[PDB]
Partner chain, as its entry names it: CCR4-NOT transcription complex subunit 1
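Taking the form deposited without the partner chain, here's one chain by itself in C-alpha cells.
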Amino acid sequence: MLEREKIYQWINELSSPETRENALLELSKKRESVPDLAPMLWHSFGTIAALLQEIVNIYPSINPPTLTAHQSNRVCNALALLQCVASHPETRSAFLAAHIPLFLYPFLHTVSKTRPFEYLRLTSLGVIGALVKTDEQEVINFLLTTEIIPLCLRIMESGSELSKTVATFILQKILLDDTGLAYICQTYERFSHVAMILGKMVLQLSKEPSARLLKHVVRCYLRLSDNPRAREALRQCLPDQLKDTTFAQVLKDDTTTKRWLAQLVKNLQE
C-alpha cells in the first residue's frame, strides 16, 4: 500500500521542476522493484515530457563537452526511467512511435572519455538494449532507418569494455532479425564496415580479453555466416585468432561460446 503511494507521489513530483530531481533519483533505483512502473510513467500526465525535458536541457553541455558528474547523474536517472519504458510490453510500441530513441542519438555521438560521458553513453546504450531485447521487427526496422549501426560500431571499436558489450549486443540483435542480416549484407560497403570493426575487436580481445564481449562478437560472426554472400566474404576476412588456439583458455569456462565458434568454422568450411 504505502509503498505505491510513495511511487505515485514521485511520478507526480516529476511534473514540477522543483521536485523532479529527487523524484528521478528515488524512482530510478526503485525501477527494478516496481514491475508496472513503465505504464505508470507512461499514463501519468506530462511525465514523459518531463523525462524528455531532462534530456534536451543537457544538450548544451554535450557539445562542447562540459557535462559535470551531477549533470550526468541527473540525466542518467531520467534515461534509466526511459530504459524501463523501452522494456515494458505495454509501453514499448508507444515509446517507438513517440521516436524517444532519437533524443539519445546526440549522447551516443559523444567521444569524451570522462566518466560523466562514459555513464551518459552507457545509459543511453542501455535504452536501445532494452528496446532490442524485446526481439521486435518494428524496433529493428526503426533502428535500420535511423543510422544506429554506425553509432554502435564507433562505440564497439573505441568504448568501455561494457559499453562495447552493449553496443555489440545491439548489433547482434539486429543481425539476428532476417531483415537486419539482409540489410547489413545488402552491399559490400555495409558488410565490410561491420566485419572490419568486428575483426579489429578480435585483435584487442586477443591482447586484453573479455569473455563476455567475445561471446557477442562470436554470435555476430556466426549470424553473418548464415548469409551466403557474407559466408564467402568471411572465408577470406575471418580473423586467424578465431581459427587457432588464441581464445581456447578463456573459453574453457564458456561451453556455449565454444559451441558457437565450433559452428562458425564448420559453416565457413562449406
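Numbering follows the first chain given and starts at 1.
A.B. asks: Comparing 184-192 with 99-107, where is the mean C-alpha B-factor higher?
C.D. replies: The stretch with the larger average C-alpha B-factor is 184-192.
A.B. asks: Taking only the CA atoms, which stretch has the higher mean B-factor in the record, 48-56 or 65-73?
C.D. replies: Per the deposited B-factors, the answer is 65-73.
A.B. asks: Lowest, middle or highest third: where is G129 by C-alpha B factor in its chain?
C.D. replies: As the PDB entry reports it, the C-alpha B-factor of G129 lands in the lowest third of its chain.
A.B. asks: Could you tell me which third, lowest, middle or highest, the C-alpha B-factor of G159 occupies within its chain?
C.D. replies: According to the entry, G159 has a C-alpha B-factor in the chain's middle third.
The following text describes the form solved in complex with the partner chain, which does not appear among the structures shown.
A.B. asks: Against the partner chain in the entry with it bound, would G199 count as a contact residue? Criterion: heavy atoms within 4.5 Å.
C.D. replies: So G199 does not count as contacting the partner chain.
A.B. asks: So, in the entry with it bound, is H109 in contact with the partner chain at a 4.5 angstroms heavy atom limit?
C.D. replies: Output for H109 is yes: heavy atoms within 4.5 Å of the partner chain.
A.B. asks: My question is simply whether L238 lines the interface with the partner chain in the entry with it bound - judged by any non-hydrogen atom within 4.5 Å.
C.D. replies: No - in the entry with it bound, heavy atoms of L238 and the partner chain never come within 4.5 Å of each other.
A.B. asks: Is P209 close to the partner chain in the entry with it bound, meaning a heavy atom pair under 4.5 Å apart or at it?
C.D. replies: No - in the entry with it bound, heavy atoms of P209 and the partner chain never come within 4.5 Å of each other.
A.B. asks: So, between this form and the one not shown, does the rigid part that carries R219 also carry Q186?
C.D. replies: Rigid-part assignment between this form and the one not shown: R219 and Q186 share a part.
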